[PDB]
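Read the figures in this text as sums done on the coordinates, not as results from a lab. Virtual Cβ from ideal backbone geometry, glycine too; neighbours counted across all protein chains shown.
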Amino acid sequence: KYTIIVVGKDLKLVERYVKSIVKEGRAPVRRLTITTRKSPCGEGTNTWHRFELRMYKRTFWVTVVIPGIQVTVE
Amino acid sequence: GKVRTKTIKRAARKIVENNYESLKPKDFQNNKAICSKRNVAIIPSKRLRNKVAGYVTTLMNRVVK
Amino acid sequence: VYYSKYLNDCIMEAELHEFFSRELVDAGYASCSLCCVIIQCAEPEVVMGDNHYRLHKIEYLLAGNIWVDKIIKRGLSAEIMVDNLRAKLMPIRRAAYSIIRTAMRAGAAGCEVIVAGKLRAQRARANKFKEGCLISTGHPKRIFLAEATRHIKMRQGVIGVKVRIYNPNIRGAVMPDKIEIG
Amino acid sequence: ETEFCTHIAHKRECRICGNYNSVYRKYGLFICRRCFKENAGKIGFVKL
Amino acid sequence: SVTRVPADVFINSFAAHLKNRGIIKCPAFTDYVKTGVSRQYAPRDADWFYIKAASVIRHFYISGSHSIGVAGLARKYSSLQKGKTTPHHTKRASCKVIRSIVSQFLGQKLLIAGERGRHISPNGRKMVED
Amino acid sequence: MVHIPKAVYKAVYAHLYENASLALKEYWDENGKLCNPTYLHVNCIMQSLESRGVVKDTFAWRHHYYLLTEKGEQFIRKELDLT
Amino acid sequence: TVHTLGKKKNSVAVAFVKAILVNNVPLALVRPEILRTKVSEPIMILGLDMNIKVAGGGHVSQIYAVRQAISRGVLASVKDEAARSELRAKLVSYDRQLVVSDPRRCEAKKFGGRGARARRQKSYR
RNA sequence: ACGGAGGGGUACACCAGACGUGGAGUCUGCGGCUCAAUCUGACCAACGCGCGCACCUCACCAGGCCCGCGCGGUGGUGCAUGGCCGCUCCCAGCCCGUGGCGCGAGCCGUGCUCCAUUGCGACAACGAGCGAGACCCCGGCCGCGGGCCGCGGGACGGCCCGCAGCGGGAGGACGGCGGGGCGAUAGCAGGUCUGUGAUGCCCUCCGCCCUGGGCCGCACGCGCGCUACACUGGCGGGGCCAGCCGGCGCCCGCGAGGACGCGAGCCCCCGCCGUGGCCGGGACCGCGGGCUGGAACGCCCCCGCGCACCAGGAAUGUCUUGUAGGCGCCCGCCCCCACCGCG
Ligand SMILES: [K+]
Ligand SMILES: [K+]
Ligand SMILES: [K+]
Ligand SMILES: [K+]
Ligand SMILES: [K+]
Ligand SMILES: [K+]
Ligand SMILES: [K+]
Ligand SMILES: [K+]
Ligand SMILES: [K+]
Ligand SMILES: [K+]
Ligand SMILES: [K+]
Ligand SMILES: [K+]
Ligand SMILES: [K+]
Ligand SMILES: [K+]
Ligand SMILES: [Mg+2]
């Protein structure tokens, strides 16, 4: 059979593509997190930035071009 | 401890003055009434809409008495 | 692990954007996207040079295809405007208000410019020229506000300049405050 | 003449600046904490 | 059946029955051994090998379908290691005692090998059920 | 002036009417991925070429970006004998 | 075919009911034994067959989630009649927690202290 | 601006309490002392801070290559500068056009309430804007769709009594939603040139590399912590439950750990010890057996050795619901290694 993996970091575009592929015919969200001090040096009150990159994936099982999405068949 | 800002009030007054006939003094009907775009009202959020409708319902039962 | 591919694409996109900035400063590089590279310029008529010679020679530094749009409203984009200000270094007040006049001509609700560095008599100071309405808080700051910043390598020490534009009535969403009735 | 760099060691540096100190290797970023603050916009990380 | 009876009854009533019929009966290394690296002394009740093996077979019975393994049994009998001036941490138990037990339990046809790990064979499953 | 065949290998990765261009990682394997010569040998010639003007360079993320200019390909045509 | 839920901090008890096993172990033998009267309250304050699978949380939270699943499943066989709306009021008039879940949850830790509200000791010399 | 001036508000700042710290040993940072060097920054808003020093890092010492065996340059100057951060301050504050007052510096705009310059209402001022709020993320309850994720509904001071709003009841998953993100005008000779190909001006040609050493050296005084002083406890055996997401099978070995292959602790129950620095407490030291690595001085395991400590002076800090406290688990820097920080 055939498999389509689709991966993307912006939920809106991913949903648009996922919607308009159903016009032609477990994978949960995992979050890349980095916490880093806000200052370039280490002087002052110790405050921290919390940065987060959330990705999304869908797996279509089978028998529109958007810049930012990733698709692999395997 | 919930004081309505001028933004709620100023929209609520034009809504009550324009649509006096439509608004009963009971709240669900006004919740619908702060939704239509024919009684044109561009509310860009539903919490905002609920607060405006909560003040509109109160404006209704003050003109009767 | 299918995400270790997308992360490297994400990092390579930043590599490419940084190189376009530092090199195509000459044509006013603004932004780029990956998919096949889309570069967003003010004038394509130089990025695609004569006979495309300069363009394709770029397409071989990527191996060690592209196509280009055009920026339609120049004054509303804050990143080629800081470059325009960079070029003129001209009295500071005149250059700042020249930037502001064309930003407002484009139809912006607000715009302002900050300059800081070596102005007079061995003393760092800061000048703030401004016109219209601006915002600085909440979520909408990331949608409707636009900032850009460059350092001018002046004769004396460095001089930093920032340019900010506020355009709320654009093709897109609506500011969660403005509430029209009729 | 043939002794220059015989010592073997990782020389991990930041992909952007070149520093050796405070390099983040999680997820395979390999960039330092000072450069991670300003390049994080386009790499993709955002604050929530 | 096995699931019904108070779990503390079956274990200590089958370990006394582990003295009859020449079942797994204890080897010699039993002396001078701690059941774990977190323990600081050896067990004091001399029937501890009997009760331990009764417990490990009652553990094997509950996982009727799939296979347990030895390293993941020492994890089941884990304890925290104290007296170090640092915060206490958990340690896996000793695999030698458990592997010794399961080896002799693979005899007498009480257990059968699988793809990875031991499994409760129909014989022995019947015995514990009875 | 050290070695000639490497001196011309470094002209292999410049095309005298074609569009290929060179990027360099400034290592300071231990060989440039393009051909197989040591990095130092390419670095010396690139300092020379910049000093004369055979290329224009920018730089970004630890990596030397060069583009062959107008004067440079004329300079090279008499070192590789083309038309 | 009755299907019912019960929730505590992270515990979820899924109940299937047909005209009493907890995770295949008989109810009378739920190991935390000084709290055995709690898992039996709806019975002894108010049979059939029920099957309980509880996961997540801890000992006490699991007990309290089965205390809600059990009492909520014996309210989905009586329907549309005054018993349905009166046994509920009898259950709450003992403990409302018997019908409606407890919303409380762990709060997040904030930087500058070990807990959500406790900070770090301040010194001046 | 300040007042040991008056008036009006307010916050875990106090009240009522809880948990501590300061006393013991010990990890780490600081000062001093020593040293060939023990590289350097900072004194509410410096002192587990500048993301884990055997080499590297590396700025410092003893030697030695290159161009024993311009070009660069973490050189200086943060009181020459950019950018980022901290702080005044998460305070409720700031400010424009036209009119009015004054020679002018300037002024006007700018009582009852709310967390709040949040609003009612009044006014030589009329009319706008920013900050506040709205907004974004998370989590509670219910629907349509897919196979739990992703699209919506839901709460509004809406109902009922008593007097813009303060009270008391009710239903409901939640009652005035809750925890976070963002963050105005004006500034401070805080911090950072040692994070960069940011950088002016000074000075070096102090660049790059290799071997070995130091940053960890110790009469002593301080900051943040860790572990205790026991019976509401220590020990032996058994039972069983998480979330941030996450490999483990088979043999050797007391253990630590190796050769070979494939897809939770607290707590509960049953015993033991018996008020004795005891079986509390585990620092210091003496043999062994391992792991990392080019290299232990790094870390682990085994037997033995069993310090001080009996609840801590004068002082002193934090905190109101799944909260304090107790218990463990994971990630980061990372050859090895947490008494640390983020969760
Ligand atoms: K600090
Ligand atoms: K967050
Ligand atoms: K600190
Ligand atoms: K007048
Ligand atoms: K005047
Ligand atoms: K006046
Ligand atoms: K007045
Ligand atoms: K005024
Ligand atoms: K006044
Ligand atoms: K007035
Ligand atoms: K879906
Ligand atoms: K989906
Ligand atoms: K409403
Ligand atoms: K800097
Ligand atoms: Mg060293």
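Compute the Cα gyration tensor for chain F, then decide on rounded, prolate or oblate, letting a ≥ b ≥ c be the square roots of its eigenvalues: rounded whenever a/c is under 1.5, prolate when a/b is larger than b/c in the other cases, and oblate in all that remain. Because a/c hits 1.5 or more and a/b fails to exceed b/c, chain F counts as oblate. Calculated mean residue ellipticity at 222 nm for chain G: -7500 deg cm²/dmol, from DSSP H runs with n ≥ 4 weighted as -39500 (n - 2.57), summed, divided by the residue count and rounded to 500. In this structure, B:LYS24 and A:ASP10 have a Cβ-Cβ separation that, at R0 = 45 Å, corresponds to a calculated FRET efficiency of about 0.55. Stretching the chain fully between E:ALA7 and E:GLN81 yields a gain of 24.0 nm (0.36 nm per residue, less the alpha carbon separation). Structural descriptor for chain B: relative contact order 43 percent, calculated from alpha carbon pairs under 8 angstrom and at least 6 residues apart. A crude spin-label estimate for the pair G:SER77 and D:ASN21, with each label 7 Å from Cα along the Cβ direction, gives 7.2 nm. Taking the fewest neighbouring Cβ atoms within 10 Å as the starting point, the ordered list for F:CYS44, C:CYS10 is F:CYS44, C:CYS10.
Taking amide H positions as modeled 1.01 Å from N, with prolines and chain starts lacking one, the residues under 5 Å from C:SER31 and 5 or more places away or on another chain are C:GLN40. Only the Cβ atoms of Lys and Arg (+1) and of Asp and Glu (-1) were treated as charged; on that basis the dipole of chain G about its Cα centre amounts to roughly 1340 debye.
Measuring from each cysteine beta-carbon in chain C, the ones with no other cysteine beta-carbon under 4.7 angstrom are C:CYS10, C:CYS32, C:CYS41, C:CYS111, C:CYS133.
Per residue of D:18-24, other chain Cβ atoms within 10 Å of the residue Cβ number 1 on average.
Length available on full extension from E:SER65 to E:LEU106: 0.36 nm per residue minus the Cα-Cα distance, which gives 13.1 nm. Return the FRET efficiency for the residue pair G:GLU86, G:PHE16: r is the Cβ-Cβ distance, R0 is 30 Å, and the value is rounded to the nearest 0.05. With a Förster radius of 30 Å, E is 0.75. In terms of the Cα gyration tensor, with a ≥ b ≥ c the square roots of its eigenvalues, is chain E rounded because a/c is under 1.5, prolate because a/b exceeds b/c, or oblate? The shape class here is prolate. For a paramagnetic label modelled on C:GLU18 (point 7 Å from Cα along Cα→Cβ), amide N atoms under 17 Å away belong, within segment D:8-23, to D:12-23.
Across the options B:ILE8, B:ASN39, B:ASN19, the greatest Cα extent toward the positive end of the charge dipole of segment B:1-51 (unit charges at beta carbon of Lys, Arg, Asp, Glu) belongs to B:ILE8. Cβ-to-Cβ counts within 10 Å put C:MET81, C:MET90 in ascending order as C:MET90, C:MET81, the fewest first.
Placing unit charges on each Cβ (+1 for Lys and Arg, -1 for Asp and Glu) gives the protein assembly as shown a dipole about its Cα centre, and among G:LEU87, D:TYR20, C:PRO168 the Cα reaching farthest toward its positive end belongs to G:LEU87. Our compactness index for the protein assembly as shown, the C-alpha radius of gyration over the empirical 2.2 N^0.38 Å, is 1.40. Across the options G:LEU98, G:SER77, G:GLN121, the greatest Cα extent toward the positive end of the charge dipole of chain G (unit charges at beta carbon of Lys, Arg, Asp, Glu) belongs to G:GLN121.
With 26 Å as the limit, write out which pairs from F:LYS25/F:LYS78; B:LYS32/D:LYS47; C:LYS153/F:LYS56 have Cα-Cα distances beyond it, or answer none. Too far apart for the 26 Å limit: F:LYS25/F:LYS78; B:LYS32/D:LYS47. Taking amide H as placed 1.01 Å from N in the peptide plane, the amide H of C:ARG150 sits under 5 Å from that of C:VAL161, each at least 5 places away or on another chain. Defining a contact as two alpha carbons under 8 Å apart and six or more residues distant in sequence, what relative contact order in percent does chain E show? Relative CO of chain E lands at 26 percent. Averaged over residues, the count of other Cβ atoms within 10 Å places the peptides G:101-110, E:32-41 in the sequence E:32-41, G:101-110, highest first. When +1 charges are put on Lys and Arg Cβ atoms and -1 charges on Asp and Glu Cβ atoms, the dipole computed for chain A relative to its Cα centre reaches about 220 debye. Plugging the Kirkwood radius over Cα pairs into Stokes-Einstein for chain C, at a temperature of 10 °C and a viscosity of 1.306 mPa s, what D comes out in µm²/s? Answer, rounded: 85 µm²/s.
For E:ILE68, the residues whose amide H sits under 5 Å from its own are E:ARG118, ignoring neighbours fewer than 5 places away on the same chain, with H placed 1.01 Å from N. Most tightly packed first, judged by the mean number of other beta-carbon atoms within 10 Å of their residues, the peptides C:48-59, A:30-41, E:93-104, C:118-129 read E:93-104, C:48-59, A:30-41, C:118-129. For the protein assembly as shown, the Cβ-based charge dipole about the Cα centre amounts to some 3980 debye (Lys, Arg positive; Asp, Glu negative; other atoms uncharged). Dividing the helix sum by the residues of chain A, where each DSSP H run of 4 or more adds -39500 (n - 2.57), gives a mean residue ellipticity at 222 nm of -3500 deg cm²/dmol. Ordering D:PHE4, F:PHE59, E:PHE49 by the number of other Cβ atoms within 10 Å of each residue's own Cβ, fewest first, gives D:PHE4, F:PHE59, E:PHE49. Kirkwood's formula applied to the C-alpha pairs of chain G gives a hydrodynamic radius of 16.3 angstrom.
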